């Protein structure tokens, strides 16, 4: 699955492929870009298939409903929703286009990498564990981005230690997605990523 969108402020590409033998993806995502802001979330439900999806899809729906809240408030709602489910790992990203400011919060092995034209990257270590309904302390990062910055958020089905090289070399999200194709052909796990190129 590929979905491409653009507006004045961002061009995006979402890619998803199910684990081998599965009809429903255990990963979910939500994204909405308008004239003012981006909300982007990617979640990996524990395990795969329908029961993983029960968890990640609940997160998708909460992010859609509560998109206007801050990232820490949204992620805690997601955590609470995991109480009677398998649970999930997740990342939530909000971008204010006018301020060129992003805010990011995550739990578990969903990765975010932001690459700037200054050749400096933000690629925070994943936070351990998963959203299970149990109390969490959350880490939020807030920063300005340079015009032309690019990012990826990806589930652990995508294993790319040299991701920053791909972001730096590629001149568009389409090119970067094509350069990642080699990592999608195994279907060992659900695999989801969102690429963005910011104006």
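Take the two forms, find the largest set of C-alpha atoms that superpose within 1.5 Å, and that set is the rigid core. Residue numbers count along the first chain shown, from 1.
Here 154-162 and 29-37 are scored by the root mean square distance of their C-alpha atoms in 5 other deposited structures of this protein, with each structure fitted by the rigid core; the higher score goes to 154-162. Structural divergence in 5 other deposited structures of this protein between 48-56 and 167-175: following superposition by the core, 48-56 has C-alpha atoms lying farther from the shown form. If you average the C-alpha B-factors over 148-156 and over 127-135, the higher value belongs to 127-135.
Remark: stretch with higher mean C-alpha B factor among 137-145 and 166-174 is 137-145. Out of 83, 94, 115, 111, it is 83 whose C-alpha atom has the highest B-factor in the PDB entry. The PDB entry assigns its highest CA temperature factor, among 12, 179, 18, 185, to 185.
Residue 161: CA B factor lies in the highest third for its chain, per the PDB record. Ranked by C-alpha B-factor against the other modelled residues of its chain, residue 65 falls in the middle third. Ranked by Cα temperature factor within the chain, residue 89 sits in the lowest third according to the deposited record.
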